[PDB]
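This report refers to the structure that appears directly beneath it.
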Amino acid sequence: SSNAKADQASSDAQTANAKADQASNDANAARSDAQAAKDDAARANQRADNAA
Amino acid sequence: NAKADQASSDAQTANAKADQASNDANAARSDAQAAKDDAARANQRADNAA
Amino acid sequence: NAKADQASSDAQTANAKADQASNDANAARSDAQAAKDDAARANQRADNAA
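Protein sequences, first through last, are from chains B, A and C. Just so you know, the first sequence maps onto residues 1 to 52 in the entry's author numbering. Just so you know, the second sequence maps onto residues 3 to 52 in the entry's author numbering. Just so you know, the third sequence maps onto residues 3 to 52 in the entry's author numbering.
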């Protein structure tokens, strides 16, 4: 006896979850960086406004 | 088939996480592009200043 | 084997969406770094001219 299709489906789901976990953490990091860069750019323009 | 059922559940878990990751990555791209445009504006103001 | 086959297909979908989300996240990280560096150029130029 063998449960091969189910075993392979389970391995595929575990692999997919590892990939998706890593993508989530990468994406959240990228969001933080992107907002920090937006704030840095805004601050540069703010300093120029204030110096007008 | 208990293993197949659990594999199905775990695949839905993976989809929920991948969908959230995609949403967040799309927002990060849009914000980073906005940051590039705004930073270019500050440098253009500098280039063209009196 | 319908259930296992469905779980496998759903897992493949999640896996592919996760790969694209990781690529998009890197693209945003790259753009954010460029914007960060350009904002620092802008400030530098402004302080040198002030």
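Using N, Cα and C, we set each Cβ at its ideal position, and we do this for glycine too.
Q: Kindly give me the distance between the Cβ atoms of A29(A) and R47(B), rounded to whole angstroms, as I take these residues to be in contact under 8 Å.
A: As a position in the second sequence, residue 29(A) is number 27, starting the count at 1. As a position in the first sequence, residue 47(B) is number 47, starting the count at 1. A Cβ-Cβ separation of about 27 Å leaves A29(A) out of contact with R47(B) under the 8 Å criterion.
**Q.** Buried versus exposed, by CB contacts within 10 Å (16 or more), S10(B)
**A.** Working through the first sequence from its first residue, we reach residue 10(B) at position 10. Buried, because 16 or more other Cβ atoms sit within 10 Å of the Cβ of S10(B).
Q) Taking the C-alpha atoms as reference points, what is the distance between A44(B) and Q8(A)? A) For the purposes of this step, residue 44(B) is taken as residue 44 along the first sequence, with counting starting at 1. For the purposes of this step, residue 8(A) is taken as residue 6 along the second sequence, with counting starting at 1. The C-alpha of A44(B) lies about 52 Å from the C-alpha of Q8(A).
(Q) I want to see whether chain B comes within less than 8 Å of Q8(A), judged by CB atoms only; does it? (A) Within the second sequence, numbered from 1, the residue matching residue 8(A) stands at position 6. Yes - at least one Cβ of chain B is within 8 Å of the one on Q8(A).
Q) Quick one: which chain B residues come within Cβ less than 7 Å of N3(C)? A) Taking the first residue of the third sequence as 1, we reach residue 3(C) at position 1. Ordered by position in chain B, the residues that pass the 7 Å Cβ test against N3(C) are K5.
**Q.** Proximal chain C residues relative to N50(A), where beta-carbon distance stays under 9 Å
**A.** On the second sequence, position 48 is the one that residue 50(A) refers to. Near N50(A) there are no residues of chain C at all, since even the closest Cβ is about 11 Å away, more than 9 Å.
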